[PDB]
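Novice: One structure, as structure tokens, below. Some questions next.
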Amino acid sequence: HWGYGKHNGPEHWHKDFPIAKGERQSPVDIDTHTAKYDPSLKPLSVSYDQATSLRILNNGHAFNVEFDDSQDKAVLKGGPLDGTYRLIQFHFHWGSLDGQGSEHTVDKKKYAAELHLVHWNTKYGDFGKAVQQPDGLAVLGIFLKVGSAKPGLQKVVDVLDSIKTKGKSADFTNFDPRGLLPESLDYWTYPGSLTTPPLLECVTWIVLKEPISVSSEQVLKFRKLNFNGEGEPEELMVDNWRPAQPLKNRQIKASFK
Ligand SMILES: [Hg+2]
Ligand SMILES: [Hg+2]
Ligand SMILES: [Zn+2]
């Protein structure tokens, strides 16, 4: 069962998920001097005002904040995207130290964490169907640096106690993901994959240039979570990130000059 340790971590995934060595795997290093401004991108539309969060869940590898996605409540459109993509869940990847934790990197710089807001292409009807398509998914990726507290993140931080171990969930309604956005919507975009098994190559990545700042205390609370389920040897949930993968035959575009 895949994880992030020595015996079941990213170096092992290809054995059960051969696509791990595929042609459009994620994450990737974003070489800022190789990415090219793309004037054919429309502005990005992040419409999260009617968002309907339901629950937070520790899934053994991270925590998902889940959303009701049966209607166009929280949606991503515009930018490199055709049509409407519905928010289904968000989650983070983080490190054991501030010097690591992000999945994407910018000129090889690792941020302390990365937030992924996962959306699925509404013409495919549901999420399961979206993941059979090369344009099924769009992930908004937002870097986290240690700094000032992010007030919009505190609700999440405060619930972590109650979902310490694998399989625990807690009610998590009326959470507003807008509080997790940086001021600018400048981004890089490339065709990629999910960064966890089964590593399906269904993703349009939209990675914001501007990181959000979180507090040391905020990040510290992420690191108190558990990989293991209740009553098992304690393995702190830390360093749940896949390192950068071969760019291969791919182009990263900027939305900004
Ligand atoms: Hg897991
Ligand atoms: Hg796909
Ligand atoms: Zn992720």
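Numbering starts at 1 and runs along the chain as displayed.
Header entry for method reads X-ray crystallography, 2.0 Å.
For all residues, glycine too, the Cβ spot is worked out from N, Cα and C.
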Novice: According to Swiss-Prot, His91, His93 bind Zn(2+); which one of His104, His116 is listed for that same site?
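Specialist: Only hit among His104, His116 in Swiss-Prot's Zn(2+) site, alongside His91, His93: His116.
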Novice: From the list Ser40, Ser45, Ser70, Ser162, pick out the residue that Swiss-Prot labels phosphoserine.
Specialist: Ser162
Novice: So one of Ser96, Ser169 should carry the feature phosphoserine according to Swiss-Prot; which one?
Specialist: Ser169
Novice: Within 8 Å of the centroid of the Cβ atoms of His91, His93, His116, which other residues of that chain place their own Cβ, given that this set defines the recorded Zn(2+) site?
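Specialist: What remains near the Cβ centre is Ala62, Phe90, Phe92, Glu103, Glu114, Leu115, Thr195.
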Novice: Cβ atoms within 10 Å, counted per site: which of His61, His91, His93 has the most, among these recorded positions?
Specialist: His93
Novice: Given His61, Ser169, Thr196 as the recorded positions, which ones have a Cβ positioned under 6 Å from some atom of ligand 1?
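Specialist: Result: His61.
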Novice: Who sits close to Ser162 (phosphoserine): which same-chain residues at least 6 apart have their Cβ under 8 Å from its Cβ?
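Specialist: Within the chain, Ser162 (phosphoserine) has Cβ neighbours under 8 Å at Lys168, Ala170.
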